[PDB]
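Shown next, in structure tokens, is the structure this report addresses.
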Amino acid sequence: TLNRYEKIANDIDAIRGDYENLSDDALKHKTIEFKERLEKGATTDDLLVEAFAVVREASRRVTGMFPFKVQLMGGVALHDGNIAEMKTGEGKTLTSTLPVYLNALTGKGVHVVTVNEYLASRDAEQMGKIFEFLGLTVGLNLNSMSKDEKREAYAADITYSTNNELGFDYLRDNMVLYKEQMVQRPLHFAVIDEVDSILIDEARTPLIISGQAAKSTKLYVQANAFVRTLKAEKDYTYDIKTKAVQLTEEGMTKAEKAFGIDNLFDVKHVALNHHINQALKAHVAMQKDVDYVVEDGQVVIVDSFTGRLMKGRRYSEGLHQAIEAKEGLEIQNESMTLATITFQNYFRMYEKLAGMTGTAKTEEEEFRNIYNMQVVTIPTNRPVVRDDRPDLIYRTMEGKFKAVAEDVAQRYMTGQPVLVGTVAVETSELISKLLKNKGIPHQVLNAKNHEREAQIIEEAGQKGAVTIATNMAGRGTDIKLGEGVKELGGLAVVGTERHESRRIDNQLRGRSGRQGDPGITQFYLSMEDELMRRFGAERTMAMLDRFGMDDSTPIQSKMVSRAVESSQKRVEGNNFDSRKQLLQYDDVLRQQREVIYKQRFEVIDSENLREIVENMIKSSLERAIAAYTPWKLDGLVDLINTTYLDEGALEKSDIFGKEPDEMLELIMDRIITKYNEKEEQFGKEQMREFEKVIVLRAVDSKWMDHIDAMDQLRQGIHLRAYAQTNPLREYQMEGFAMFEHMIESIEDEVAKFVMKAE
Ligand SMILES: Nc1ncnc2c1ncn2[C@@H]1O[C@H](COP(=O)(O)OP(=O)(O)O)[C@@H](O)[C@H]1O
Ligand SMILES: [Mg+2]
């Protein structure tokens, strides 16, 4: 009858007497024991049962908490590299402590990660005490800390950190000038609290490191000036199929003549082409004083309604600057990206991955597809008696909010604590105001000060408490019921709307009814709601409209509530399909980053840089030979003198009559002797430094240009097929060629500089 996780739970509960009656020292020793056993054969799995019991016993002694059996089940699923779905209040923090210890024994490190520094720091100091008791070191990585400090934190057996810091740290480690400046060790094991926020909602969120130089605007003015000379039908068309303004065949020929290009679509010209396309979208697609407006010397997006009158927001993909160039305004600069990674791409590098959260089931497929991780749903310790009521539907938001306030006021008069969840600050203010008019004391949490938020939330289950929380403000702080609150029905949770994703709704819902407590949840919606403007959602509302529904006769039916849930499943499914497709595109740059980072590390880790540099030189020399050896017009000889050697070093006299590979051996042998002489004049150690500064400069600067070009390639890929074949293959192929071209640039730059400078 009993399953794998239940069995192991019992195993650990059976041998509890074995650790129950040990002094602290004999108990702490178990850590040394386990280690001795590991290094001489035993696998981490072999020890799970005992190690878990040790932690289990140690927590009771330092915290007073003794992990429940469900917490033991969750612990196993985490060890297995899966996702433990454990409802809010099941004690995920203490639960994580089991697999973290086990997986830290081999001394390879474990990153424990959350959404903000308040939480990482709270959990570190609280769970740290258990680990330090077991003779383990615990580090805390924070944004305000120095390199040396970060290095120490990462050198601990266990490291707590935010996901942002881990990602930034990793990027900076790939920008260093010496190996020793790195702060991270290899990525061993990450256990991710709030795993759905981090691995799903932020899956594609890019972390970026910018340079301090301003991106040049030359291309913007060049493109703008070329576009002005264009003629309206001779040179361009609004393509119905692609929904865009494109150059005609004549326009491309004209652009190719105007600059010095053979083929405008060639990958080496992606930037030129894209700027031209934007300046073309800005000049004939964006009507001035219609699409946008100019305030002073700035440009503002109207937006339909405008709705956005003077928003501070701007158009993406260089479109904004293309308009500024058109409008003769100042081109507002943006710094260049030196390094980038998304969280999906970052966490995919760990040897092992695990995660825990209250809400993962609705994303089961997403975790499997993207991360190849199972969602293991762990039973609650106590039955869930919380009453989750079908949605209430109103005709107008005005009506909905009025009902929300009245609900809150009623529950307040009884003393029953109330938690109100909203999706936006403006809604929060709106509800708060309504409550002030009724004379109802309450607190507002606008997701700003995490530390203050947790203090308020700690108190939100006391008699007479009323708390308004915008977007899961104060997440990660359990809300306990005060004296006599059980008797009052527990925490009442009112949601003032539903998110596009049901998962986010469930997070709010789960804040009530913890550890078997009674409680009630109720969501409110209206015809005018944003979510209620969808395909299958709006139809239902349209009918209720015709039926004769009123703000004074809200609908509350199982059918309609299910219609809402189903419509959210459908939308989730669309989002998941888009995410799937975006991921495949992301993978092209992801793989290129891995190849170039490995090559860059090779450079700073290299015993002698000679071999790496020589190969670059030769590889580059071979391309010079081929370009002249399709009688042969050398040509090549003259070029060689100004690139790898000295004036008149090579000879016309050698011109020649030899097989090309023969020439390579001969010319490379001449290069090697010149190189040898340079090294002798520099001294070898000073030659290494010199080569290193050159190679890293070549790599760092061509990588930066490449990120910029790849981004432009992607933004405009829908114009490079050939619709409606799928552009993914076109992007992969062009991405591949552009990367090769980048590698070739790096090689040429290095070769020229070490040979010809200084
Ligand atoms: N085995 C246990 N015995 C008693 N209390 C526990 C146990 N495990 C966790 N708790 C407490 O229950 C509350 C829930 O903790 P937390 O880990 O934040 O829950 P969540 O799983 O929602 O993150 C905390 O106050 C924690 O100290
Ligand atoms: Mg937690």
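Note that the numbering runs from 1 along the sequence shown for the chain. As the structure lists them, so they are numbered: ligands from 1, and atoms in each ligand from 1. These values consider heavy atoms only, across backbone and side chains, with no hydrogens, waters or symmetry-generated copies.
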For this session: Would you list the pairs meeting ring pair (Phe, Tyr, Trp, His ring centres under 6.0 Å) in which at least one residue belongs to residues 111-151, sequence neighbours left out?
Result: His111-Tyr154, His111-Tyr350
Exercise. Side-chain contact, heavy-atom cut-off 4.5 Å: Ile8 with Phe52?
Worked result: no
Exercise. Tell me the salt bridge (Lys or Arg N to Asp or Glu O under 4.0 Å) pairs involving residues 101-129, sequence neighbours left out?
Worked result: none
Exercise. Applying salt bridge (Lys or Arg N to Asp or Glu O under 4.0 Å), which residue pairs with at least one partner in residues 185-196 are found, sequence neighbours left out?
Worked result: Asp196-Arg503
For this session: For the residue pair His188 and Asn103, confirm or rule out a side-chain donor-acceptor distance under 3.5 Å.
Result: no
For this session: Would you check if there is a donor-acceptor pair between the side chains of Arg411 and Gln416 at a distance under 3.5 Å?
Result: yes
Ligand 1: which protein N/O atoms lie under 3.5 Å from its N/O atoms?
{"from": "ligand 1", "atom 1": "1 (N)", "to": "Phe66", "atom 2": "O", "distance (Å)": "3.0"}
{"from": "ligand 1", "atom 1": "1 (N)", "to": "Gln71", "atom 2": "OE1", "distance (Å)": "2.9"}
{"from": "ligand 1", "atom 1": "8 (N)", "to": "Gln71", "atom 2": "NE2", "distance (Å)": "2.8"}
{"from": "ligand 1", "atom 1": "17 (O)", "to": "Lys92", "atom 2": "N", "distance (Å)": "3.3"}
{"from": "ligand 1", "atom 1": "17 (O)", "to": "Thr93", "atom 2": "N", "distance (Å)": "3.0"}
{"from": "ligand 1", "atom 1": "17 (O)", "to": "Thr93", "atom 2": "OG1", "distance (Å)": "2.7"}
{"from": "ligand 1", "atom 1": "19 (O)", "to": "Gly91", "atom 2": "N", "distance (Å)": "3.3"}
{"from": "ligand 1", "atom 1": "21 (O)", "to": "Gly91", "atom 2": "N", "distance (Å)": "2.8"}
{"from": "ligand 1", "atom 1": "21 (O)", "to": "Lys92", "atom 2": "N", "distance (Å)": "2.5"}
{"from": "ligand 1", "atom 1": "21 (O)", "to": "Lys92", "atom 2": "NZ", "distance (Å)": "3.0"}
{"from": "ligand 1", "atom 1": "22 (O)", "to": "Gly89", "atom 2": "N", "distance (Å)": "2.6"}
{"from": "ligand 1", "atom 1": "22 (O)", "to": "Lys92", "atom 2": "NZ", "distance (Å)": "3.3"}
{"from": "ligand 1", "atom 1": "25 (O)", "to": "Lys480", "atom 2": "NZ", "distance (Å)": "3.0"}

